[PDB]
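Read through the structure below, which is laid out as structure tokens, and then see the notes.
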Ligand SMILES: NC(=O)c1ccc[n+]([C@@H]2O[C@H](COP(=O)([O-])OP(=O)(O)OC[C@H]3O[C@@H](n4cnc5c(N)ncnc54)[C@H](O)[C@@H]3O)[C@@H](O)[C@H]2O)c1
Ligand SMILES: NC(=O)c1ccc[n+]([C@@H]2O[C@H](COP(=O)([O-])OP(=O)(O)OC[C@H]3O[C@@H](n4cnc5c(N)ncnc54)[C@H](O)[C@@H]3O)[C@@H](O)[C@H]2O)c1
Ligand SMILES: NC(=O)c1ccc[n+]([C@@H]2O[C@H](COP(=O)([O-])OP(=O)(O)OC[C@H]3O[C@@H](n4cnc5c(N)ncnc54)[C@H](O)[C@@H]3O)[C@@H](O)[C@H]2O)c1
Ligand SMILES: OC[C@H]1O[C@@H](O)[C@H](O)[C@@H](O)[C@@H]1O
Ligand SMILES: OC[C@H]1O[C@@H](O)[C@H](O)[C@@H](O)[C@@H]1O
Ligand SMILES: OC[C@H]1O[C@@H](O)[C@H](O)[C@@H](O)[C@@H]1O
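Protein chains in written order, with PDB author numbering: chain A, 0 to 33, 43 to 51, 53 to 305, 319 to 366; chain F, 3 to 33, 35 to 305, 319 to 366; chain D, 2 to 33, 35 to 86, 88 to 305, 319 to 366.
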């Protein structure tokens, strides 16, 4: 009935093939797919070139998915596709706040649709937590923690250690997932100030790579940080602690996680290298006894939801403003280098 | 042998001091003050040398020239007043872990000890705990490298102290930041050997303490949410001049799962560590984390009031330094105080 | 207003629950003693400020004693009726757990209470455990919804009581079904708040109690298989007029791995719950189970003998109801007798 939607993938390398294609193939029924393998392995129409402008091919495309490293995000998008298309940009909306704001402007005038690749928002336990906060079952949340820590899991295969493409280390690599979850469930985005510390300690150390989950790296060429910690004061008194790392001598490898302290109850999510099963634990007082409630994929869900928003004309879950606020906090943490607190 | 006057026979005189001095009886004998004079009496009949003294007025006990070491066991706003000439003019003093709730009054406390040529130490006994010493010994031997990220842990889901005036802001000066955070920042700063602050940022929370349902689940018991004058929690972010950052979390009531107190997390260049202690830990734990032979590994473990006390009495009997130095306790007091001052929603630069 | 208390039976529960808890609320009572062992009352009529104790070998005289206000029956299960219709002839009566082995003897115990204008409660102290109270309040708020399936756990793998007269039929009337099954059944019907029986089916087992090697492993040492005059276990299947169904298992000795007693399992329309307690459980447990935001979750916990005695004493004073109502205890007696009545190899309809 509904016409399939003609989709457009500009970059085609990791999250393009580790997520978008399969999500569009788990969901074929809704999408039209119009780095060689890609047109054939999942399309028939455009090519499998190596370029950027050989897209801009079949402008009859009505949706574009930019899975280009962070720097390309502002122009491989914005007027690029705001030229009149919908856009789904990848996990860090951009490495730079100024460029990030230059997209919500591009989209805000091309009144088409826009979302960002924050899929950890569709994890069943993440949704569980979002719903109980929206239901006010935690109360007013005044203290959160965004956990994006990796004892020794420096990614050694793609764009991630490139300070020019990606613009930073674990803080914008994985801290953006954790903080997105946190803010989103706290439903708090009014930032008052940001204090941060950024550590170059293990990345260029000689035995630094020793123990790394993905194998050794060259500490002589490591150009980003190995960890960072943030202190975020919200305009309502709520405070958010952040820690993000690819390599830190810390026991718990808990990433894409959050801890939430409300006036009525608490909750935390556990995920990452130290957790074979994701966990969600609510804590509260019930009948004058302290108690704990514990639990007894999201790639596809994220994408399907994306299409059904444009086809049906309604809002995609992760909203552009949300991802911009995540980019502005993480930029203000690196900005703390001025050994000063950034007021908003 | 050393004569001891005990100012304030509250929970701490009994729980820690009296049995500690006893076990160390070969070094001391005790002479008892507390405005509620009946608990000075009951205490005197249990730990009193023989013919003692049971004043309810502390300016009386310092008059007694047969007392040469005092142990200030009063609420915190008192610490400064006793223990300032009040004690220094009369004798050596052991003030409790808080020192002061005030930087300025703690400043005078240091000036008054010096100007008295007498010994001085604060009640930070959690450091003597063998796991804490193990870590300290290792950090001093460089076995964690340079510590660039530290966490001080002083959090309790619901264990607000109900046996005194811990919730009186005229007597305690504050709540959990100064009751229990002090213990953890100390262990953190002593292990890191870093008391040189540059910046302090903080958030203080008054949320669960005045909530009618708040006192629910509280070990220690129910409290009156209408007479809660202190915070239930605070969180901190301290940057040191070497660049190391320390995080602090303190609570008597927070809806968090992990009740870890008098504990630290230390992350360095060669290694890290974590001490676990609190209401969520029946056994105290120390874990080291390092990479050995291209493999990530963890090293775990397969009283303190007495050791602290003995060490103290011996230092005066022998003319030497007790472990807890007042400069250290003063630095903790300052940092804790700067956290509260980020009620100016400003980062305090040192 | 200290209440004058009389004790009929001084060993076991009296010496283990009553005398300690009576003492613990001494501010609301004084004791003024009996036992058939003329001397059994002494070690307590002297450890229990009876200052003038009637301390007698005959209950029927401790009853004519005018200075006795509240009579505690801690005698064996047969005596419960007699010593309780006699005391209702003037006194407030706390009879112990198995109100009676007999439905009729217990019905007689109630009319008497009514003809007395006095206070009546039963020793179902398990109701006062913090976690049993937790579940009851959740149920009462409808947080489990409609409870349609329940399980009463009164199972001991191998813990036959060998210290009293529990194995004697003429003194106890029954075995584990009314010795411990009564606790579990009471909790179960109390939190469902559903006492309207429709049918009881049951089975009673005489297998290990008179077996030669059944005493093997007994937690409380061996017993003589030729004196074992009751059942070692019994199971029951209770259907209620509202359609809810309760399962019951009770045992002193049965080859089941899980020793769970004084516990319950409730399955509701909105959520479920189970309580764990018994020789299998060093700590008591309470677990809620529900679907929350589309995921199956389980909510678990991160004394009572005195609480029971207090509310009972306080209820006498302010003329209010004790927590355990005689009608509820009678309901428990009737189901349990009906499990035995299935010696008719037939379902007993109510
Ligand atoms: N979990 C997640 O959501 C997640 C995880 C990984 C990466 N990402 C994000 O995905 C993005 C890409 O990471 P990655 O590992 O896919 O990258 P990748 O490098 O593996 O693949 C991207 C490729 O796009 C190509 N490309 C570059 N510039 C282009 C241009 N101008 N025009 C056309 N094609 C161009 C290059 O081939 C580049 O390698 C980043 O924004 C990263 O943050 C998201
Ligand atoms: N781990 C530790 O080292 C530790 C533990 C607990 C408390 N403390 C410290 O001990 C101090 C309070 O002691 P507490 O916890 O036992 O509470 P507490 O209320 O039981 O003790 C205070 C006692 O001193 C008496 N008092 C008040 N003012 C007095 C005065 N001018 N002169 C004499 N007596 C006075 C009070 O009657 C009271 O009995 C605090 O500074 C607290 O921080 C230290
Ligand atoms: N948790 C509980 O609620 C709990 C626990 C154990 C027993 N009980 C109940 O308490 C009762 C006694 O159990 P126990 O363990 O104390 O047994 P027990 O035999 O140790 O105590 C009963 C006492 O009653 C005395 N007695 C017997 N006949 C008497 C008479 N005619 N007049 C006066 N005194 C007489 C006996 O000498 C004995 O001292 C039973 O009904 C039992 O089911 C309740
Ligand atoms: O899941 C998000 C992150 O996963 C990690 O495996 C890597 O650091 C990146 O691929 C990515 O940024
Ligand atoms: O607050 C109650 C007390 O409990 C003790 O265990 C801590 O050492 C003290 O610092 C604290 O003040
Ligand atoms: O069986 C031994 C005893 O243990 C107690 O817990 C029960 O309440 C009694 O009814 C029982 O007789």
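We treat Cβ as the ideally placed atom computed from N, Cα and C, and that holds for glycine.
Asked                                                                                                                                   : Found
Cutoff 7 angstroms: residue 210 (chain A) Cβ touching any chain F Cβ                                                                    : yes
Top-ranked residue by Cα proximity to residue 95 (chain A), from A:337, A:105, A:289 and A:221                                          : A:337
Beta strand (DSSP E) segment containing residue 97 (chain A), residue limits                                                            : 95 to 98
Residue 164 (chain A) CB to nearest heavy atom of ligand 4 below 6 angstroms                                                            : yes
Residue 154 (chain F) to residue 204 (chain A) span [Cα, whole Å]                                                                       : 16 angstroms
When D:272, D:39, D:157 and D:80 are compared against residue 171 (chain D), the one with the closest alpha-carbon                      : D:80
Sufficient close CB pairs (3 or more, under 8 angstroms) joining the stretch 117 to 126 of chain F to the stretch 207 to 215 of chain F : no
Residue 133 (chain D) at chain A interface by Cβ criterion, 7 angstroms                                                                 : yes
Under the three-state DSSP convention, the category residue 298 (chain A) falls into                                                    : strand
Within 7 angstroms, strictly: CB atoms of residue 304 (chain F) and residue 327 (chain F)                                               : no
Rounded distance between the beta-carbons of residue 104 (chain F) and residue 252 (chain F), thought under 8 angstroms                 : Contact flag wrong, Cβ pair sits at about 19 angstroms.
Closer than 7 angstroms at the beta carbon, the chain F residues around residue 240 (chain A)                                           : 204 and 240
Beta-carbon spacing of residue 58 (chain D), residue 36 (chain D) below 7 angstroms                                                     : yes
Simplified DSSP assignment, three categories, for residue 342 (chain F)                                                                 : helix
Per-residue burial, residue 161 (chain A) [other beta carbons within 10 Å of its own, 16 or more giving buried]                         : buried
Ordered list of alpha helix (DSSP H) runs contained in the stretch 234 to 266 of chain F, each at least 4 residues                      : none
Every unbroken alpha helix (DSSP H) inside the stretch 166 to 246 of chain F [4 residues or more]                                       : 179 to 182 and 184 to 195
Span separating the alpha-carbon of residue 90 (chain D) from that of residue 13 (chain F)                                              : 47 angstroms
Residue-level contact to chain F via CB, residue 274 (chain A), 7 angstroms cutoff                                                      : yes
Opposing strand residues paired with residue 276 (chain D) [DSSP bridges]                                                               : D:269 and D:291
Cβ distance (whole Å) where residue 274 (chain A) is taken to contact residue 220 (chain F) below 8 angstroms                           : Wrong, their Cβ atoms sit about 11 angstroms apart, outside the cutoff.
C-alpha gap between residue 366 (chain F) and residue 15 (chain A), whole angstroms                                                     : 49 angstroms
Inter-residue spacing [alpha-carbon to alpha-carbon] between residue 2 (chain A) and residue 32 (chain A)                               : 13 angstroms
is_contact[residue 137 (chain A), chain D] using C-beta, thresh 7 angstroms                                                             : yes
Within 7 angstroms, strictly: CB atoms of residue 345 (chain F) and residue 102 (chain F)                                               : yes
Near ligand 7: residue 249 (chain A) beta-carbon under 6 angstroms from a heavy atom                                                    : In the structure shown, ligand 7 is absent; the only ligands present are ligand 1, ligand 2, ligand 3, ligand 4, ligand 5 and ligand 6.
CB contact below 7 angstroms: residue 364 (chain A) versus chain F                                                                      : no
Neighbour flag for residue 159 (chain F) against chain A, beta carbons, 7 angstroms                                                     : no
Limits of the beta strand (DSSP E) - the one that residue 30 (chain A) falls within                                                     : 30 to 32
Coarse secondary structure for residue 52 (chain F), derived from DSSP in three states                                                  : coil
Local Cβ density within 10 Å of residue 92 (chain F), reported as buried at 16 or more and exposed below that                           : exposed
Given 8 angstroms, three or more beta-carbon pairs between the stretch 220 to 238 of chain F and the stretch 140 to 151 of chain F      : no
Residue 67 (chain A): CB within 6 angstroms of a non-hydrogen atom of ligand 1                                                          : no
Within chain A, partners of residue 221 (chain D) - CB distance below 9 angstroms                                                       : The premise fails here: residue 221 (chain D) is roughly 34 angstroms from chain A at the closest Cβ pair, so nothing lies under 9 angstroms.
Complete alpha helix (DSSP H) runs within the stretch 66 to 90 of chain F (minimum length 4 residues, chain order)                      : 79 to 84
Cutoff 7 angstroms: residue 297 (chain A) Cβ touching any chain F Cβ                                                                    : yes
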